[PDB]
Amino acid sequence: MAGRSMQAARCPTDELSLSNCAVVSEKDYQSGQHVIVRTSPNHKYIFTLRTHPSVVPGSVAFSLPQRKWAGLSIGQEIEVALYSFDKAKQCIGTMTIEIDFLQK
Amino acid sequence: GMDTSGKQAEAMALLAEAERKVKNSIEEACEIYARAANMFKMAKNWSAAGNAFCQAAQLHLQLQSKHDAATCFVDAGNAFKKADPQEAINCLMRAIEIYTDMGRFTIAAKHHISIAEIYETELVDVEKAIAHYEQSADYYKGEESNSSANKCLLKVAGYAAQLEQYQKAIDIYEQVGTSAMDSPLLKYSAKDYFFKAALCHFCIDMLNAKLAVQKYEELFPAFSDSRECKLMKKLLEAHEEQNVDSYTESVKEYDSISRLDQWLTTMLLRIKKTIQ
Amino acid sequence: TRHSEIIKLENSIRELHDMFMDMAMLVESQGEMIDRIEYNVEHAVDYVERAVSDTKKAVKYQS
């Protein structure tokens, strides 16, 4: 809850990468948990955690698109603190997304 | 010919004379031993000359003398260098210990570099050579010898990248670049060092190399204008494109523009192998 | 005009190469000599230090 320091890891499987869920360790977190990751004073990025056995305790993995978007890198030290959504105001009613050909 | 037999007989006679003189029980014995070792040296009998030098060294050390004993040990080790690297290493280590006790850091560091060179040249052992180079570099840095420490650290980093992990290479190259870039004369070559680190980052992953090159560009504006960063960016584009043909084309274009060190070629071959 | 300028450039480059080679070998020999004198002076200073220490102890024992 208060936040813990950690180092990012690599996504183990393509299926987890597609789901856009940070792959974490069962001993550390649980499926459906929601966190905020700090990389610097002005860099806080929100994520949702999903547990997989392959993740070592004290480590969390992100997909390549996640690393590109949030600027995360393997080997760097970051912080992760559990954050809870306020569904009364933060519920999604209509989300508009830009879609592009991933491969030309 | 006359030289061989005559010098050998004279040296044997001198050895017997010294043995009898010591048997009577002393400086004259040490002088006779040194002369006999010299005659052996002229006779080209490198083997057993170091033994006579060591015997003289012990004979003189018996009476508390340490300086001339250290010099004799160093000379005996140098003589053993060609005859036997092991005995030469032992004698040089003894001399280094004596001088370090006496506090002569320059001589000790030079002897350590000689030990590393003999270890890496004749025998096959780099880790001991790496440790010797590190010891010499620390000794020189204590005596604020910037160039010698930088050279030793650069060689250690090159060896580490060659066989050991890339962390040592990154650290040492970054340190040397920091030390040299601020200096006026060496700044011209500073860029070079930085580039190496970036390449060593490409060995682990492309993202780490990209971040490292961005950090280098931000720290060093001229690094942006260098052709080397342009080549690295083109190589990065090729790798993200999974196109070995572009990699080969860029490498050959660079080779035509300028010749290679044969180490950059090995690193680039390793990088291109893992493109898959 | 091509021949004159090209040959002039080649002559200058060749002269620079030759003189740089010669002076580099000269610098190497100079380095060897200065290393030899360095060790010689180190040995001389060490021996004079030892000799003066011996003289001091001897005279103090005798006086």
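The count begins at 1 with the first shown residue.
Note that Cβ sites are derived from N, Cα and C of the backbone, with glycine treated the same way.
Per Swiss-Prot, the feature SUMO cross-link maps to C:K56 (among others). Counting every protein chain shown, the number of other Cβ atoms lying within 10 Å of the Cβ of C:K56 (SUMO cross-link) is 10.
Every protein chain considered, the tally of other Cβ atoms within 10 Å of the Cβ of C:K57 (SUMO cross-link) stands at 10. The SUMO cross-link annotation in Swiss-Prot covers C:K57 (among others), and the record cites similarity to another entry as its basis.
Under DSSP, C:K60 (SUMO cross-link) is assigned to a helix (H, G or I) in the three-state scheme. For C:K60 (SUMO cross-link), the count of additional Cβ atoms within 10 Å of its Cβ stands at 8 [all protein chains shown]. Here Swiss-Prot flags C:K60 (among others) as SUMO cross-link.
Each of the recorded sites C:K56, C:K57, C:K60 was checked for a CB under 8 angstroms from a CB of chain B; none meets this.
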